[PDB]
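Chemist: Below is a structure I'd like to ask you about.
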Amino acid sequence: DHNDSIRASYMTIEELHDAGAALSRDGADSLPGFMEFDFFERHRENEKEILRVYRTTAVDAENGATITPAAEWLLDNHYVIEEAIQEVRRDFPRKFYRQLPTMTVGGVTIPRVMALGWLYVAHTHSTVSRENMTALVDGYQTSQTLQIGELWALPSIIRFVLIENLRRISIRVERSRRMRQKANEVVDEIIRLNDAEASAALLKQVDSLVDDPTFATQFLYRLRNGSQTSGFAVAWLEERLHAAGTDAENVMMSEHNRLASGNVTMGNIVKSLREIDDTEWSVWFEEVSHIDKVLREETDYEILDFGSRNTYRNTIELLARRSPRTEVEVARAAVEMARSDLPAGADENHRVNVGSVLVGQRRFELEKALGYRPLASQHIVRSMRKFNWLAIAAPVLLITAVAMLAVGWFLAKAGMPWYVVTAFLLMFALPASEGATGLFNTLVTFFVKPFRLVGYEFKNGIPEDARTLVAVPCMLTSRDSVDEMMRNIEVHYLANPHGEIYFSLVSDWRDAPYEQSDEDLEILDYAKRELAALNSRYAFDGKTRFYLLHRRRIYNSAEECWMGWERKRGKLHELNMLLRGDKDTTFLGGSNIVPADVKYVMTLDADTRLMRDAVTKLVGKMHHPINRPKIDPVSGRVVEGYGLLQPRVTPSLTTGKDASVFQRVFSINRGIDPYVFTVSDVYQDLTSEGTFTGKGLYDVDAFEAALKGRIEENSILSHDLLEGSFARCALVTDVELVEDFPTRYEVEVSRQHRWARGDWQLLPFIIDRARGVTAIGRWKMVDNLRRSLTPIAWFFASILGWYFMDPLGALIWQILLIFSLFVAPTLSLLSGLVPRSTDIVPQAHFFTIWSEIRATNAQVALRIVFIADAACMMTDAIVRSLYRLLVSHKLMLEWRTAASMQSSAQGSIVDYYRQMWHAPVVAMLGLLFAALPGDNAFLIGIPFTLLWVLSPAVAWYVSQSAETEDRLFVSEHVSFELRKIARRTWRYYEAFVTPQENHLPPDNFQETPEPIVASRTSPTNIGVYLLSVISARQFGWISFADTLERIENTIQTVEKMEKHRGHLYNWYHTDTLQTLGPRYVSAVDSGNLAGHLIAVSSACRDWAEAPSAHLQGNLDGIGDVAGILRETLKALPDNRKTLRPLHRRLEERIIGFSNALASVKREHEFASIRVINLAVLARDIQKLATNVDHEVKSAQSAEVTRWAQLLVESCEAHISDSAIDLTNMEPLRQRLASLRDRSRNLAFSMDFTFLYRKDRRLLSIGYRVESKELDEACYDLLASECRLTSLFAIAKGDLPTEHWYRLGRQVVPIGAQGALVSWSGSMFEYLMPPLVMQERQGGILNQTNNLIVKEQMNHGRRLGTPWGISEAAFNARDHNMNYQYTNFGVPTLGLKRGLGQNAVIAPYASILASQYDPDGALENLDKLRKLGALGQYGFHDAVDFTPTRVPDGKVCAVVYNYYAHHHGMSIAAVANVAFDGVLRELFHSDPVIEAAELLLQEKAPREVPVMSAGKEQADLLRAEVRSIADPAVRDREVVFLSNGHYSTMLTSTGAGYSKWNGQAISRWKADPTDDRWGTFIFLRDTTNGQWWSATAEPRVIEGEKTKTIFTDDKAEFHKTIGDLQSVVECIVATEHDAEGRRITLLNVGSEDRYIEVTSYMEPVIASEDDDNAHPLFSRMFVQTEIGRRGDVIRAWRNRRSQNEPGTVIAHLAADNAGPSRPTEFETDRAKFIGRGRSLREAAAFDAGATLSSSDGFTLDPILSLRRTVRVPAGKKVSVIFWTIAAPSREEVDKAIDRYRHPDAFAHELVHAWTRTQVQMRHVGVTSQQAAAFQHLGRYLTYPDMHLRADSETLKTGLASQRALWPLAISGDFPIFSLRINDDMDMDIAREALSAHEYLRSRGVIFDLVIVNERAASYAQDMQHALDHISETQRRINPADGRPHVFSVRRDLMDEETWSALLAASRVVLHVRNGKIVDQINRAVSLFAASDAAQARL
């Protein structure tokens, strides 16, 4: 075991420890491998070599080759080997790798961490285990410890060493394969020529190829053990090998090495890579770390936000790096100085707050004490901090001043009396200010690290001393909105259920002029009842979590309505005193209860949603003592502390089912990105305060002090800025809170001008030094005012610019004006393409810049076209605000009642123009005023003014709704056809559901071959059936009572259905309700059933709350059934005796009924009396259909009758729905409530904990109750259907988020973008989550779905056949045919080799994809409908296209199967498409699933990785067709035909025999030089007198341009001579032991040819040995005789005793294509031969003496018939010859009445094809393997010998007597002598025994001998291993003695027996030197090469 890998005598545990300990003091000085190199270049070369050795192996093994076990892992798992090649180079930038210390291993210097990698890949078998590395690092750290980072590099450096060994093994295994087969052709050339002179010249060249210790292994084997061998070929190999004295067998054994070791190490490499990928390294690093041992005691490092712990570690490492001190004492000396920091807290009485000096206030003192010298970046940052807010405002002002100076220098050329330049500069500097602040933000993001806040870890929830009440300010315009407000509260509670957390709602009954209208009591009482009901459901631990607080309002001092003390700040404050033991708060009596302390309060809002367990982060961060506010006693402002923490906010992807183009263009930041850790902001990294926009967390005491100290009455909501400025703020940027953006262009300007009004209202605080305001806060309000003033400045600047100046160069100024707006957003865009000073070389990553370029361009265009409207509206707002600022009005608390806009209707162009009416008028008036002066401003002004005036038009265009996944525009015809298809498909459920322990789908159901139902049930079937029932009720196909009955029956059945811990077993019985096989539980079935039951229960609740409006329905099914009837009626042929009156009458009646239905649907009130009369019309249609049927008994007439029936009970169901009492719905409410309860109970019943593998996460494939063991693998990909099950399992609570965040995510480049990688990428694995869940436009899943559907459509175009590939039952039938089942997909998204040879189309695929693309799917469905794919109950299962399984000349194949599994999905998809996805909300209407819905969404990352990559039509599987032109001048070939007990053999020229059950039918002998024995068909020319044969072998006519086909089923013979050709195909029939010889003759001449046909067969019935012993007897007992209707001759042996079998045989003439002619017989061979003649020169084929018709007890009987044919020019003649036999005479008559009739040949060819397909499927054979086995049988059945042993070894052996002693008599046995000695392959013997079993089915009898040839050490183990597989055949066959299989152990038996066996063996083979089914083909290419001239003689 050498190879070239790195192995160093594996030593196991307790030796690695000592090795590392020795290495610590004095080690290395050598390595098992090692070589001088450099990192990056070596890694790149490794990449190149791995790609090559991979691409070469892929281009090989497809042309036909044997793949080594070592190459199996590389081919199968190249993808995993790739990303491990990645994830390094990424984790080692050049500078980072440089710092690693030196080790100096013998001269050269090596990184210390990577040197340990070489020591531990070697003392293993390339296996990595956690405990091994732990022991090694423990042993190594005895003297010198491993610092932080180095211990972070072992996982990223081991993979570098591992792939190096992979390269060293792959480069050798690839070389060892091609050069192995190099000897194959050389020895072929050696054996081709029998020379002894040129052989030396040939062998001299390969002198350099003899020292390689694998060339000789195959060369010597193929020579010595091959066959012919040589005395000089193996004469130099030994002599040359004598160098180094390795003798002969040492090299033999050396090839045994370097192979098994290679395979083992190659497998171990992949196993180790998988283990490293799956294992966690943070926990292992924490365990084995040394610096963390000190930091576990005396400090709280354990529970401190692991990311923040890493921040501590980074700070410690940075301090240690730049200071002249080691790393250990940095974390130790800090503790000593922090020991004097004093406890300073309640919980903190013990322990030491080390973070107070590391990240806290005392960082500078720590740095000064430790001697650390700050970095220049830290120096400039601290200078910035010591400056203050001015360091931020100064650069922007400087840039604006520079821009102003530049523009003033440029714009000084048109006079400017200097009283207008000031105005222009003031109005232009604001875009300059925006550009300057954008540039400053970009640069600070580039150069300043973001800010992170340290917090606690509340793993068990928020504990005592921190109580949070989630006060969600809310409103109350209720009646039904209170229900969704409670839903929001419930979802928020479900978001963070852990910990001592309370929830409540704070609201206010609007603003009314009255203090209390007293009518709110009913709404208040209803709200209290809802709260009480919500309290009971979650009554756990006796915790009244949900409260309700409502304010009573007080009248405003100035005016308006009762609005409290303040609209919001008010509620917040009077809540603040409420929690502080205050009782005079005027909220309300009764509902004024609070849970005691509640130190913290969530602000939140009525719409924003919360991340799961997000509050556990903010609460811990604020409870951290460093973040606790201090409050300044002199003036409360919190000098050092964080009273307010604000979380970062990102908008939602789509506002429910509405996404307009306006949404996409004015919101760039969308989606949730898992990778981003922290975002950088200009404010927090430069001032350490953030912005408390609308949400956050505050301390009650600090907030109360800061607000009540300075706040005053009469302030607008702008309190948020003031409240944040009071104490402090801090953007945590680690907690997310989603929100939405309005889609209609009415509210955006509303909120914008309200905030502008608030900002302007903040001006008095800016202008006043008194009160309380910060200079930085003053600057931020000034910036807000500047942002408000930008559009007015721009607009008025333009207005004055085109007027005052009016030059010819005025275009440049507007160019710069729009250039500023282009510049403003684009700087942040460039922040993605910056490489940060060429960090690493990038991979393929796409560019996709067009999307954001278009977005920016459209956004700027919309901004410049709406700027006038925005400016006008918010200037009105500014004037209104300034009125209150100056005059001090009483209107400054207005929220929304402004009458300026007062929008009260939907958008319309007729509405915006009237409501705005201001900005376009102002613009046009300004243009008219400024156009006439100067006479040069019109050209510049016209296009721009036309842009502004058309503002309402583009606003209306962008306000319109757009389709994403549920509002798709489908029109009517597409929807009509989809509903029609669904209704037609639904007939299956009616047909196959009736109570017989039923209400379970019956799974598959065949149609053609005696249709049967397989009573097996799966949970997925139940779920899809329930969804189908819901969809059917939605469509109105069924009444309201029938749905209840079906649901109740299904629920009862599933309750009585046995369960294992709530889960359901894999398979069930419909009739007996018992488990079918082994008890197996799969995660897919339980997840699917739970997901569907959720929707069922939600819908039950939906129509149980108000069971009156859901009664009617839609009244659309009765139109779909009418359309079905119309379509069916068109296909009825109408050319009969009575023409077509009834068809016409039905046509007018149907169109009249359709018109009446349309008229009723047009009515709005939906009269019940109108639909009653339609039942009469339906009954009339039924009677007319019955009248049509009574005269024509066609199947389609029955279909018409059935589809009329379905219509008339559809009408009955609608009437019954209209016939409900509708007066007592309370019992119905009870029924629906009970159904909902029993449905949702089963939803939560299953427990998914036991399927969770807590070593590598993810859900296992399944569970087996036996042995209580998990299967093995897990669903390791996002593209799996289990993502619904995972979502439910994580939402239920028994799973963490690491489950969801550790599976899939891979991308494959297709087109411009990328999609999701799949295993067996059929969209069966994609479509289910869209069916049940909700998908948004911006999500990854929808984009991937679009890409995959486009790719499948393109694949369908390129292949030619219709598209759509998914798993189904492909065209292959087993014993008791069931059509089988397997998976399919597309090659691009497969990851599985062999998916390109299927070519299978599934009809249900097209309807599945109809959701995303309706038109293409509809066209594909129509294309399928053109073919035969529509059955009785809908579309069939699949259609086949692979040419191997394609029968006859048909283009395609049809599978007649219906699956209950693939039918409900179609109905669900149709319901989703037609009714705008009702099922989308049904699943998502449950609080439990709605709480975890936010794990969805996310954006497509933006950088696709791209891994390594008529061929589509050239890769389909193809069978083998043996095409032979002229067999006469070639060697013979044999084809076998057998039905299992009737076998016949056919040679290359029509010779052969027929064996029945082991006896003979026609005499046959093995004459190699004659081959003229068997049945022959003779053709004679009447006019010329010449006679010949159809095969022409016994005659041979000059010319003879023949052809031959010997494919399966039929053997085809071709022969043409003299413008006359004869083609004959011979096939054996089925069910009657009949062999058919159909002679087919065609003529293309110009004259009538008069020729005759003659038959010749010899009936012999014996035991194949008695006949060959004394033929006279067996000839004599034959009793050939012909009876009436002289076309059949029956011959049976006369009976001697009671032991003879009998087996009467007969021959059939069965004339065809002839009016009337008589046949003649010559049943006597004595007159046929002629006493001295032969077959080639016969006597009967002579003028005269023509078939004297001798019959009886003839001495030498045969069977022969003659039939003259009349074949004119251009027409056809056909005659069939039948060879039949039967054990009894009475059975012959039962078969003669089936072939004597005309035709009788078609419909048996298909039977033979089906039977041979079944036989070849029963045993794992292949067409090429079948051909090889038939060639082997040809060699075995004839005394031809071409692959036997040598001509020298066999001489001194073969006594033939020493065979019975070894139990192998070998009397009636040609014997085969496969020899094996490897024990490694164990596959050649399996193929040999499979061939023998195959040969046993074709009437070939021989015994298989496997000669074990291993030494006695492993001989017993090898014998047991081979018996493990042979014992399936060593058992006796069905009553014969012993079976034909043998095995001998070489050591025990004597040498003489082995020599005799090898000499007498017909074929000798070795397992190494060749392969089964491949050595047979090599003989034909080697044994080849004057017997041609005498042919045509």
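Each chain in the structure tokens gets a letter, A, B, ..., in the order shown, and its residues are numbered from 1; ligands are numbered from 1 in order too.
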Write down as JSON, numbers by chain the residues belonging to range 423-453 of chain A that are assigned alpha helix (DSSP H) by DSSP computed on the backbone.
Modeler: {"A": [423, 424, 425, 426, 427, 428, 429, 430, 431, 432, 433, 434, 435, 436, 437, 438, 439, 440, 441, 442, 443, 444, 445, 446, 447]}
Chemist: Write the residues of the selection above to a file with N, CA, C and O atoms, as a compact mmCIF listing (two decimals), in the first residue's frame.
Modeler:
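That gives us again-v4.txt:
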# COMPACT_ATOMS: atom_id res chain seq x y z
N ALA A 423 -29.62 84.23 -4.78
CA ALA A 423 -30.79 83.37 -4.80
C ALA A 423 -30.51 82.06 -5.53
O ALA A 423 -30.88 80.98 -5.06
N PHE A 424 -29.84 82.14 -6.69
CA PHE A 424 -29.51 80.91 -7.42
C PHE A 424 -28.60 80.00 -6.62
O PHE A 424 -28.81 78.78 -6.58
N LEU A 425 -27.57 80.56 -5.97
CA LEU A 425 -26.66 79.73 -5.20
C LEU A 425 -27.37 79.10 -4.00
O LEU A 425 -27.14 77.93 -3.68
N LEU A 426 -28.22 79.87 -3.32
CA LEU A 426 -28.97 79.32 -2.19
C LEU A 426 -29.90 78.21 -2.64
O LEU A 426 -30.04 77.19 -1.95
N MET A 427 -30.55 78.37 -3.79
CA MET A 427 -31.48 77.36 -4.28
C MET A 427 -30.78 76.17 -4.93
O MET A 427 -31.41 75.12 -5.11
N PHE A 428 -29.50 76.31 -5.28
CA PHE A 428 -28.77 75.22 -5.91
C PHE A 428 -27.90 74.43 -4.93
O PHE A 428 -27.59 73.26 -5.19
N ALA A 429 -27.49 75.04 -3.81
CA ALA A 429 -26.59 74.37 -2.88
C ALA A 429 -27.23 73.19 -2.16
O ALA A 429 -26.51 72.41 -1.53
N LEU A 430 -28.55 73.04 -2.23
CA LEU A 430 -29.20 71.95 -1.50
C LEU A 430 -29.03 70.61 -2.22
O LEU A 430 -28.76 69.60 -1.55
N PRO A 431 -29.19 70.54 -3.55
CA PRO A 431 -28.73 69.32 -4.24
C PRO A 431 -27.25 69.05 -4.01
O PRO A 431 -26.84 67.89 -3.87
N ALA A 432 -26.44 70.11 -3.95
CA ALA A 432 -25.03 69.94 -3.62
C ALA A 432 -24.87 69.40 -2.21
O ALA A 432 -23.98 68.58 -1.95
N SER A 433 -25.72 69.84 -1.28
CA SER A 433 -25.68 69.31 0.08
C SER A 433 -26.03 67.82 0.10
O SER A 433 -25.41 67.04 0.83
N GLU A 434 -27.04 67.42 -0.68
CA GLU A 434 -27.39 66.01 -0.76
C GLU A 434 -26.24 65.18 -1.32
O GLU A 434 -25.93 64.10 -0.81
N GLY A 435 -25.60 65.68 -2.38
CA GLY A 435 -24.45 64.97 -2.93
C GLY A 435 -23.31 64.87 -1.94
O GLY A 435 -22.67 63.82 -1.81
N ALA A 436 -23.04 65.97 -1.22
CA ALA A 436 -21.96 65.97 -0.24
C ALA A 436 -22.24 64.99 0.89
O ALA A 436 -21.34 64.26 1.32
N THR A 437 -23.47 64.96 1.40
CA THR A 437 -23.78 64.04 2.49
C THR A 437 -23.79 62.59 2.01
O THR A 437 -23.40 61.70 2.77
N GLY A 438 -24.19 62.34 0.76
CA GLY A 438 -24.07 60.99 0.22
C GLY A 438 -22.62 60.54 0.11
O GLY A 438 -22.28 59.42 0.49
N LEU A 439 -21.75 61.42 -0.39
CA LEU A 439 -20.33 61.09 -0.47
C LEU A 439 -19.74 60.86 0.92
O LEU A 439 -18.93 59.94 1.12
N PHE A 440 -20.13 61.70 1.88
CA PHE A 440 -19.63 61.54 3.24
C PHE A 440 -20.10 60.22 3.85
O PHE A 440 -19.33 59.53 4.53
N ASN A 441 -21.36 59.85 3.62
CA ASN A 441 -21.85 58.57 4.10
C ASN A 441 -21.08 57.42 3.48
O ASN A 441 -20.70 56.47 4.17
N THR A 442 -20.81 57.49 2.17
CA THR A 442 -20.05 56.43 1.52
C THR A 442 -18.65 56.31 2.11
O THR A 442 -18.19 55.20 2.41
N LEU A 443 -17.98 57.44 2.32
CA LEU A 443 -16.61 57.37 2.82
C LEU A 443 -16.56 56.90 4.27
O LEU A 443 -15.66 56.15 4.65
N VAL A 444 -17.52 57.32 5.10
CA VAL A 444 -17.51 56.86 6.49
C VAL A 444 -17.85 55.38 6.56
O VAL A 444 -17.32 54.65 7.41
N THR A 445 -18.74 54.89 5.68
CA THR A 445 -18.98 53.45 5.62
C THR A 445 -17.72 52.71 5.19
O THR A 445 -17.43 51.62 5.69
N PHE A 446 -16.96 53.30 4.27
CA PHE A 446 -15.72 52.67 3.83
C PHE A 446 -14.68 52.60 4.95
O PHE A 446 -14.02 51.57 5.12
N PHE A 447 -14.53 53.68 5.72
CA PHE A 447 -13.39 53.83 6.60
C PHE A 447 -13.70 53.65 8.09
O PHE A 447 -12.76 53.66 8.90
Chemist: Could you give me, as a CSV table (one decimal) with N, CA and C atoms, in the first residue's frame, the residues within 8 Å of residue 385 in chain A, counting only C-alpha atoms and dropping anything in the same chain fewer than 3 positions from it?
Modeler:
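Okay, this is what ended up in around.csv:
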chain,number,residue,atom,x,y,z
A,381,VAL,N,-10.3,58.6,14.7
A,381,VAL,CA,-11.6,58.4,15.2
A,381,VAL,C,-11.8,59.1,16.6
A,382,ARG,N,-10.8,59.0,17.4
A,382,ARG,CA,-10.8,59.6,18.7
A,382,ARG,C,-10.8,61.1,18.6
A,388,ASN,N,-16.6,66.7,18.2
A,388,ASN,CA,-18.1,66.6,18.4
A,388,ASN,C,-18.8,66.6,17.1
A,686,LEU,N,-20.4,58.1,14.2
A,686,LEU,CA,-19.7,59.4,14.3
A,686,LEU,C,-20.2,60.2,15.5
A,687,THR,N,-21.4,59.9,16.1
A,687,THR,CA,-21.9,60.6,17.2
A,687,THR,C,-22.3,59.7,18.4
Chemist: Can you pull out the residues contacting residue 451 in chain A? Cut-off 10 Å, using only C-alpha atoms, and skip same-chain residues under 5 positions away; I want them as an MDAnalysis selection string.
Modeler: chainID A and resid 678:681 684:685 688 730:733
Chemist: Grab the residues selected above and save them as a PDB file, in the first residue's frame with C-alpha atoms.
Modeler:
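And here is the file that came out, part-v7.pdb:
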ATOM      1  CA  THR A 678     -24.130  44.470  10.988  1.00  0.00           C
ATOM      2  CA  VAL A 679     -25.009  47.532   8.910  1.00  0.00           C
ATOM      3  CA  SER A 680     -23.048  50.778   9.142  1.00  0.00           C
ATOM      4  CA  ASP A 681     -24.653  54.182   9.619  1.00  0.00           C
ATOM      5  CA  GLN A 684     -24.053  56.084  15.075  1.00  0.00           C
ATOM      6  CA  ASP A 685     -20.399  55.675  14.029  1.00  0.00           C
ATOM      7  CA  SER A 688     -23.041  57.489  19.134  1.00  0.00           C
ATOM      8  CA  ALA A 730     -28.442  53.817  19.840  1.00  0.00           C
ATOM      9  CA  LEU A 731     -29.059  51.987  16.556  1.00  0.00           C
ATOM     10  CA  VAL A 732     -28.529  48.371  17.595  1.00  0.00           C
ATOM     11  CA  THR A 733     -28.851  47.188  13.957  1.00  0.00           C
TER      12      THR A 733
END
Chemist: Which is closest to residue 1247 in chain A among A:628, A:1978, A:1771, A:1061, if we use only C-alpha atoms?
Modeler: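 Of all the options, A:1061 lies closest to residue 1247 in chain A.
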Chemist: Would you list the contacts of range 1326-1332 of chain A as a PyMOL selection string, taking every protein, DNA or RNA residue within 9 Å and counting only C-alpha atoms, but skipping same-chain residues closer than 6 positions in sequence?
Modeler: chain A and resi 1091-1092+1095+1279-1281+1283-1284+1341-1342+1345+1408-1409+1465+1468-1469+1472+1477+1479-1484
Chemist: Selection from above, N, CA and C atoms, as a PDB file, in the first residue's frame, can you write it?
Modeler:
ATOM      1  N   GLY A1091     -50.028  19.761   7.046  1.00  0.00           N
ATOM      2  CA  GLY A1091     -50.193  20.993   6.295  1.00  0.00           C
ATOM      3  C   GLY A1091     -51.557  21.098   5.645  1.00  0.00           C
ATOM      4  N   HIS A1092     -52.070  19.983   5.123  1.00  0.00           N
ATOM      5  CA  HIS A1092     -53.387  20.022   4.498  1.00  0.00           C
ATOM      6  C   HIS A1092     -54.504  20.101   5.538  1.00  0.00           C
ATOM      7  N   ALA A1095     -55.210  23.694   6.589  1.00  0.00           N
ATOM      8  CA  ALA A1095     -56.098  24.406   5.676  1.00  0.00           C
ATOM      9  C   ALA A1095     -57.537  23.935   5.830  1.00  0.00           C
ATOM     10  N   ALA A1279     -34.380  22.144  -2.142  1.00  0.00           N
ATOM     11  CA  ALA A1279     -35.213  21.764  -3.274  1.00  0.00           C
ATOM     12  C   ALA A1279     -36.075  20.541  -2.993  1.00  0.00           C
ATOM     13  N   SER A1280     -36.093  20.054  -1.759  1.00  0.00           N
ATOM     14  CA  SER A1280     -36.898  18.903  -1.386  1.00  0.00           C
ATOM     15  C   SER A1280     -38.294  19.348  -0.964  1.00  0.00           C
ATOM     16  N   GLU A1281     -39.244  18.419  -1.080  1.00  0.00           N
ATOM     17  CA  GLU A1281     -40.624  18.694  -0.699  1.00  0.00           C
ATOM     18  C   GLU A1281     -40.812  18.792   0.807  1.00  0.00           C
ATOM     19  N   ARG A1283     -39.602  20.898   2.852  1.00  0.00           N
ATOM     20  CA  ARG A1283     -39.497  22.246   3.402  1.00  0.00           C
ATOM     21  C   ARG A1283     -40.796  22.689   4.066  1.00  0.00           C
ATOM     22  N   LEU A1284     -41.936  22.150   3.628  1.00  0.00           N
ATOM     23  CA  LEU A1284     -43.183  22.379   4.348  1.00  0.00           C
ATOM     24  C   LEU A1284     -43.152  21.699   5.712  1.00  0.00           C
ATOM     25  N   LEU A1341     -37.741  31.575  -4.007  1.00  0.00           N
ATOM     26  CA  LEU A1341     -38.444  30.399  -4.507  1.00  0.00           C
ATOM     27  C   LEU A1341     -39.209  30.701  -5.791  1.00  0.00           C
ATOM     28  N   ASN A1342     -39.880  31.854  -5.860  1.00  0.00           N
ATOM     29  CA  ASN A1342     -40.635  32.191  -7.066  1.00  0.00           C
ATOM     30  C   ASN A1342     -39.712  32.392  -8.263  1.00  0.00           C
ATOM     31  N   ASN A1345     -38.589  29.069  -9.397  1.00  0.00           N
ATOM     32  CA  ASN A1345     -39.669  28.392 -10.106  1.00  0.00           C
ATOM     33  C   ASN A1345     -39.794  28.903 -11.536  1.00  0.00           C
ATOM     34  N   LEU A1408     -49.525  21.314 -13.253  1.00  0.00           N
ATOM     35  CA  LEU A1408     -48.839  21.804 -12.062  1.00  0.00           C
ATOM     36  C   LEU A1408     -48.160  23.141 -12.326  1.00  0.00           C
ATOM     37  N   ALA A1409     -47.510  23.279 -13.478  1.00  0.00           N
ATOM     38  CA  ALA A1409     -46.832  24.517 -13.836  1.00  0.00           C
ATOM     39  C   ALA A1409     -47.773  25.550 -14.437  1.00  0.00           C
ATOM     40  N   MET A1465     -53.593  17.137  -6.975  1.00  0.00           N
ATOM     41  CA  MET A1465     -52.715  18.279  -7.199  1.00  0.00           C
ATOM     42  C   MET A1465     -53.194  19.116  -8.376  1.00  0.00           C
ATOM     43  N   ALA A1468     -56.152  21.154  -7.223  1.00  0.00           N
ATOM     44  CA  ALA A1468     -55.685  22.238  -6.366  1.00  0.00           C
ATOM     45  C   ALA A1468     -55.069  23.364  -7.188  1.00  0.00           C
ATOM     46  N   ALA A1469     -54.265  23.018  -8.196  1.00  0.00           N
ATOM     47  CA  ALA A1469     -53.665  24.039  -9.048  1.00  0.00           C
ATOM     48  C   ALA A1469     -54.727  24.806  -9.824  1.00  0.00           C
ATOM     49  N   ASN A1472     -56.374  27.190  -7.497  1.00  0.00           N
ATOM     50  CA  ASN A1472     -55.491  28.319  -7.222  1.00  0.00           C
ATOM     51  C   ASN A1472     -55.502  29.322  -8.369  1.00  0.00           C
ATOM     52  N   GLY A1477     -56.145  31.975  -6.083  1.00  0.00           N
ATOM     53  CA  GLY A1477     -55.471  31.293  -4.995  1.00  0.00           C
ATOM     54  C   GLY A1477     -56.167  31.406  -3.657  1.00  0.00           C
ATOM     55  N   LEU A1479     -56.645  28.878  -1.641  1.00  0.00           N
ATOM     56  CA  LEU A1479     -55.871  28.047  -0.726  1.00  0.00           C
ATOM     57  C   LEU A1479     -54.645  28.769  -0.183  1.00  0.00           C
ATOM     58  N   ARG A1480     -54.223  29.863  -0.822  1.00  0.00           N
ATOM     59  CA  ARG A1480     -53.081  30.617  -0.319  1.00  0.00           C
ATOM     60  C   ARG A1480     -53.357  31.169   1.072  1.00  0.00           C
ATOM     61  N   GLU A1481     -54.545  31.740   1.279  1.00  0.00           N
ATOM     62  CA  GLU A1481     -54.875  32.327   2.571  1.00  0.00           C
ATOM     63  C   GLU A1481     -55.377  31.287   3.564  1.00  0.00           C
ATOM     64  N   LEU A1482     -55.961  30.187   3.078  1.00  0.00           N
ATOM     65  CA  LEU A1482     -56.494  29.176   3.985  1.00  0.00           C
ATOM     66  C   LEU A1482     -55.398  28.586   4.862  1.00  0.00           C
ATOM     67  N   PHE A1483     -54.243  28.277   4.276  1.00  0.00           N
ATOM     68  CA  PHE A1483     -53.121  27.801   5.077  1.00  0.00           C
ATOM     69  C   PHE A1483     -52.592  28.903   5.987  1.00  0.00           C
ATOM     70  N   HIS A1484     -52.472  30.123   5.463  1.00  0.00           N
ATOM     71  CA  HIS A1484     -51.856  31.231   6.181  1.00  0.00           C
ATOM     72  C   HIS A1484     -52.834  32.007   7.055  1.00  0.00           C
TER      73      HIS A1484
END
Chemist: Any chance you could tabulate, as JSON lines, the residues of range 457-534 of chain A at most 12 Å from range 339-363 of chain A with each one's nearest atom pair and distance in Å to one decimal, using only C-alpha atoms, in chain and rising number order?
Modeler:
{"residue": "A:463", "atom": "CA", "partner": "A:347", "partner_atom": "CA", "distance": 11.6}
{"residue": "A:464", "atom": "CA", "partner": "A:347", "partner_atom": "CA", "distance": 10.5}
{"residue": "A:465", "atom": "CA", "partner": "A:347", "partner_atom": "CA", "distance": 8.8}
{"residue": "A:466", "atom": "CA", "partner": "A:347", "partner_atom": "CA", "distance": 11.4}
